[PDB]
Amino acid sequence: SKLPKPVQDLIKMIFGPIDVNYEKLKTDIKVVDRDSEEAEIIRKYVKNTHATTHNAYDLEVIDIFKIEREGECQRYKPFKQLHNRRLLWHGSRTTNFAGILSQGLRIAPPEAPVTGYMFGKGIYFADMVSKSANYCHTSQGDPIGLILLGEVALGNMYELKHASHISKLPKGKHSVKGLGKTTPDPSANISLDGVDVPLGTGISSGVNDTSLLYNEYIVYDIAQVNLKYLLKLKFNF
Ligand SMILES: NC(=O)c1cccc2[nH]c(-c3cccc(C(=O)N4CCn5c(nnc5C(F)(F)F)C4)c3)nc12
């Protein structure tokens, strides 16, 4: 195999023929240099946005891959100049990833139980790395999970303090923002490739009347998303 070792180990993790397995993903995976500025930005995003009620583990980046799914860029194109783009987290159980890369992130079917989906059937993201890492569900026996960074064209946000359970946005809105009591420090956000990186440390958002501790970002068209990076994570408890 001509693949770089990190890519081969990631292939092993997601699938359990290494190059055939890699081709099965229909995804161009490349490794990010440990000494680059891209990597430093991603690691600072991980460092500063670890919530304080998620102190059961202590994160630690292992590998950082830049991923490009086939068609995802030409499918995301129409929503690109859409203002308010943000680079956000998405966690999921490891076995799901072999699919997430081949099919992309998807929405629950049109007739599933909308209960459990606090803000209706959509694609969810968080600006606190730990809020998403919780969904990797990585225990002490298997303390390695995968988490995605995605450019999300949030557009005009419908800001909500409580649950809705509906997937229909008031015309003029492109995404939902569940307002958390704690938000990344906006005085520290940067703009990487024109995408807003909210890597600021956790501060108080100023909203008292709200159900969520940390912000949630939901979209409802799967083409509002563009997966940029993929992270191997060591969970230390
Ligand atoms: N994980 C986050 O980054 C995340 C961040 C903030 C709020 C959130 N709410 C939910 C959520 C809300 C409702 C249902 C589920 C849930 O069972 N899955 C659906 C399937 N699936 C999951 N994680 N990935 C996927 C998949 F779409 F790729 F298949 C878990 C998950 N996930 C988040």
# chains A, B, ... in the order shown; residues from 1 in each chain; ligands from 1

$ closest_atom_pairs --of "chain A" --to "ligand 1" --cutoff "10 Å" --atoms "only C-alpha atoms and all ligand atoms" --output "JSON lines"
{"residue": "A:88", "atom": "CA", "partner": "ligand 1", "partner_atom_place_in_ligand_line": "3 (O)", "distance": 8.4}
{"residue": "A:89", "atom": "CA", "partner": "ligand 1", "partner_atom_place_in_ligand_line": "3 (O)", "distance": 5.7}
{"residue": "A:90", "atom": "CA", "partner": "ligand 1", "partner_atom_place_in_ligand_line": "3 (O)", "distance": 3.3}
{"residue": "A:91", "atom": "CA", "partner": "ligand 1", "partner_atom_place_in_ligand_line": "1 (N)", "distance": 4.2}
{"residue": "A:92", "atom": "CA", "partner": "ligand 1", "partner_atom_place_in_ligand_line": "23 (N)", "distance": 3.8}
{"residue": "A:93", "atom": "CA", "partner": "ligand 1", "partner_atom_place_in_ligand_line": "23 (N)", "distance": 6.5}
{"residue": "A:94", "atom": "CA", "partner": "ligand 1", "partner_atom_place_in_ligand_line": "24 (N)", "distance": 9.2}
{"residue": "A:95", "atom": "CA", "partner": "ligand 1", "partner_atom_place_in_ligand_line": "29 (F)", "distance": 9.7}
{"residue": "A:96", "atom": "CA", "partner": "ligand 1", "partner_atom_place_in_ligand_line": "29 (F)", "distance": 6.0}
{"residue": "A:97", "atom": "CA", "partner": "ligand 1", "partner_atom_place_in_ligand_line": "28 (F)", "distance": 7.1}
{"residue": "A:98", "atom": "CA", "partner": "ligand 1", "partner_atom_place_in_ligand_line": "28 (F)", "distance": 9.8}
{"residue": "A:99", "atom": "CA", "partner": "ligand 1", "partner_atom_place_in_ligand_line": "28 (F)", "distance": 7.7}
{"residue": "A:100", "atom": "CA", "partner": "ligand 1", "partner_atom_place_in_ligand_line": "28 (F)", "distance": 5.5}
{"residue": "A:101", "atom": "CA", "partner": "ligand 1", "partner_atom_place_in_ligand_line": "28 (F)", "distance": 9.1}
{"residue": "A:103", "atom": "CA", "partner": "ligand 1", "partner_atom_place_in_ligand_line": "28 (F)", "distance": 9.2}
{"residue": "A:104", "atom": "CA", "partner": "ligand 1", "partner_atom_place_in_ligand_line": "28 (F)", "distance": 7.5}
{"residue": "A:105", "atom": "CA", "partner": "ligand 1", "partner_atom_place_in_ligand_line": "28 (F)", "distance": 5.1}
{"residue": "A:106", "atom": "CA", "partner": "ligand 1", "partner_atom_place_in_ligand_line": "27 (F)", "distance": 5.2}
{"residue": "A:107", "atom": "CA", "partner": "ligand 1", "partner_atom_place_in_ligand_line": "27 (F)", "distance": 6.4}
{"residue": "A:108", "atom": "CA", "partner": "ligand 1", "partner_atom_place_in_ligand_line": "19 (C)", "distance": 7.2}
{"residue": "A:114", "atom": "CA", "partner": "ligand 1", "partner_atom_place_in_ligand_line": "13 (C)", "distance": 8.9}
{"residue": "A:115", "atom": "CA", "partner": "ligand 1", "partner_atom_place_in_ligand_line": "13 (C)", "distance": 8.7}
{"residue": "A:116", "atom": "CA", "partner": "ligand 1", "partner_atom_place_in_ligand_line": "13 (C)", "distance": 5.7}
{"residue": "A:117", "atom": "CA", "partner": "ligand 1", "partner_atom_place_in_ligand_line": "13 (C)", "distance": 4.3}
{"residue": "A:118", "atom": "CA", "partner": "ligand 1", "partner_atom_place_in_ligand_line": "12 (C)", "distance": 6.7}
{"residue": "A:119", "atom": "CA", "partner": "ligand 1", "partner_atom_place_in_ligand_line": "12 (C)", "distance": 8.1}
{"residue": "A:120", "atom": "CA", "partner": "ligand 1", "partner_atom_place_in_ligand_line": "13 (C)", "distance": 8.1}
{"residue": "A:121", "atom": "CA", "partner": "ligand 1", "partner_atom_place_in_ligand_line": "13 (C)", "distance": 7.4}
{"residue": "A:122", "atom": "CA", "partner": "ligand 1", "partner_atom_place_in_ligand_line": "13 (C)", "distance": 8.0}
{"residue": "A:123", "atom": "CA", "partner": "ligand 1", "partner_atom_place_in_ligand_line": "27 (F)", "distance": 7.0}
{"residue": "A:124", "atom": "CA", "partner": "ligand 1", "partner_atom_place_in_ligand_line": "33 (C)", "distance": 4.8}
{"residue": "A:125", "atom": "CA", "partner": "ligand 1", "partner_atom_place_in_ligand_line": "5 (C)", "distance": 4.2}
{"residue": "A:126", "atom": "CA", "partner": "ligand 1", "partner_atom_place_in_ligand_line": "5 (C)", "distance": 4.6}
{"residue": "A:127", "atom": "CA", "partner": "ligand 1", "partner_atom_place_in_ligand_line": "5 (C)", "distance": 8.3}
{"residue": "A:128", "atom": "CA", "partner": "ligand 1", "partner_atom_place_in_ligand_line": "5 (C)", "distance": 8.6}
{"residue": "A:129", "atom": "CA", "partner": "ligand 1", "partner_atom_place_in_ligand_line": "3 (O)", "distance": 8.5}
{"residue": "A:130", "atom": "CA", "partner": "ligand 1", "partner_atom_place_in_ligand_line": "5 (C)", "distance": 9.2}
{"residue": "A:131", "atom": "CA", "partner": "ligand 1", "partner_atom_place_in_ligand_line": "5 (C)", "distance": 6.0}
{"residue": "A:132", "atom": "CA", "partner": "ligand 1", "partner_atom_place_in_ligand_line": "3 (O)", "distance": 4.0}
{"residue": "A:133", "atom": "CA", "partner": "ligand 1", "partner_atom_place_in_ligand_line": "3 (O)", "distance": 7.3}
{"residue": "A:134", "atom": "CA", "partner": "ligand 1", "partner_atom_place_in_ligand_line": "1 (N)", "distance": 7.6}
{"residue": "A:135", "atom": "CA", "partner": "ligand 1", "partner_atom_place_in_ligand_line": "1 (N)", "distance": 5.2}
{"residue": "A:136", "atom": "CA", "partner": "ligand 1", "partner_atom_place_in_ligand_line": "1 (N)", "distance": 7.8}
{"residue": "A:147", "atom": "CA", "partner": "ligand 1", "partner_atom_place_in_ligand_line": "3 (O)", "distance": 8.1}
{"residue": "A:148", "atom": "CA", "partner": "ligand 1", "partner_atom_place_in_ligand_line": "3 (O)", "distance": 8.3}
{"residue": "A:149", "atom": "CA", "partner": "ligand 1", "partner_atom_place_in_ligand_line": "3 (O)", "distance": 9.5}
{"residue": "A:178", "atom": "CA", "partner": "ligand 1", "partner_atom_place_in_ligand_line": "7 (C)", "distance": 9.0}
{"residue": "A:212", "atom": "CA", "partner": "ligand 1", "partner_atom_place_in_ligand_line": "7 (C)", "distance": 9.9}
{"residue": "A:214", "atom": "CA", "partner": "ligand 1", "partner_atom_place_in_ligand_line": "6 (C)", "distance": 8.6}
{"residue": "A:215", "atom": "CA", "partner": "ligand 1", "partner_atom_place_in_ligand_line": "6 (C)", "distance": 7.7}
{"residue": "A:216", "atom": "CA", "partner": "ligand 1", "partner_atom_place_in_ligand_line": "6 (C)", "distance": 5.0}
{"residue": "A:217", "atom": "CA", "partner": "ligand 1", "partner_atom_place_in_ligand_line": "6 (C)", "distance": 6.9}
{"residue": "A:218", "atom": "CA", "partner": "ligand 1", "partner_atom_place_in_ligand_line": "7 (C)", "distance": 7.9}

$ residues_around --residues "residue 5 of chain A" --least-positions-apart "5" --cutoff "12 Å" --atoms "only C-alpha atoms" --output "list in words"
residues 10, 11, 12, 18, 19, 30, 31 and 63 of chain A

$ closest_residue --among "A:138, A:211, A:204, A:183" --to "residue 56 of chain A" --atoms "only C-alpha atoms"
A:138

$ closest_residue --among "A:202, A:172, A:155, A:113" --to "residue 50 of chain A" --atoms "only C-alpha atoms"
A:202

$ residues_around --residues "residue 224 of chain A" --least-positions-apart "6" --cutoff "9 Å" --atoms "only C-alpha atoms" --output "JSON, numbers by chain"
{"A": [75, 76, 77, 78, 79, 80, 151, 152, 153, 154, 174]}

$ residues_around --residues "residue 61 of chain A" --least-positions-apart "3" --cutoff "9 Å" --atoms "only C-alpha atoms" --output "MDAnalysis selection string"
chainID A and resid 43 46 64 231:234

$ select_by_dssp --residues "segment 65-237 of chain A" --states "strand (DSSP E)" --output "MDAnalysis selection string"
chainID A and resid 65:69 85:91 123:126 144:153 157:160 175:178 180:184 190:192 195:197 202:204 212:214 216:219 225:234

$ select_by_dssp --residues "segment 15-162 of chain A" --states "alpha helix (DSSP H)" --output "PyMOL selection string"
chain A and resi 15+18-24+37-48+72-76+94-103+129-133

$ write_last_selection --atoms "C-alpha atoms" --output "CSV table (one decimal), in the first residue's frame"
chain,number,residue,atom,x,y,z
A,15,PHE,CA,-13.5,-0.6,8.8
A,18,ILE,CA,-6.5,-1.5,2.9
A,19,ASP,CA,-6.4,0.4,-0.4
A,20,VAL,CA,-9.7,-1.1,-1.5
A,21,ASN,CA,-11.2,-0.1,1.8
A,22,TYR,CA,-9.9,3.5,1.3
A,23,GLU,CA,-11.4,3.6,-2.2
A,24,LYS,CA,-14.7,2.4,-0.7
A,37,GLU,CA,-0.6,26.6,11.1
A,38,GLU,CA,-3.7,24.7,10.1
A,39,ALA,CA,-2.9,22.1,12.8
A,40,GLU,CA,-2.2,24.8,15.5
A,41,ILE,CA,-5.5,26.4,14.7
A,42,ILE,CA,-7.4,23.1,15.0
A,43,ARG,CA,-5.6,22.2,18.3
A,44,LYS,CA,-6.3,25.6,19.8
A,45,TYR,CA,-10.0,25.2,18.8
A,46,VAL,CA,-9.9,21.8,20.7
A,47,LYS,CA,-8.0,23.3,23.7
A,48,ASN,CA,-10.1,26.4,24.3
A,72,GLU,CA,-19.6,17.7,-1.7
A,73,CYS,CA,-17.9,20.9,-2.9
A,74,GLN,CA,-20.0,21.3,-6.0
A,75,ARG,CA,-23.1,20.4,-3.9
A,76,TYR,CA,-22.2,23.0,-1.3
A,94,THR,CA,-16.9,5.4,15.3
A,95,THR,CA,-18.6,2.7,13.2
A,96,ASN,CA,-20.9,5.4,11.7
A,97,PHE,CA,-17.9,7.1,10.1
A,98,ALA,CA,-17.3,4.5,7.4
A,99,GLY,CA,-20.7,5.6,6.2
A,100,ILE,CA,-20.5,9.4,6.9
A,101,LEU,CA,-17.5,9.6,4.6
A,102,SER,CA,-19.2,7.6,1.7
A,103,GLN,CA,-22.6,9.1,2.0
A,129,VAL,CA,-15.6,20.4,21.1
A,130,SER,CA,-16.6,18.4,24.1
A,131,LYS,CA,-20.4,18.7,23.4
A,132,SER,CA,-19.7,16.8,20.2
A,133,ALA,CA,-17.0,14.5,21.5

$ closest_residue --among "A:59, A:16, A:213, A:29" --to "residue 4 of chain A" --atoms "only C-alpha atoms"
A:29
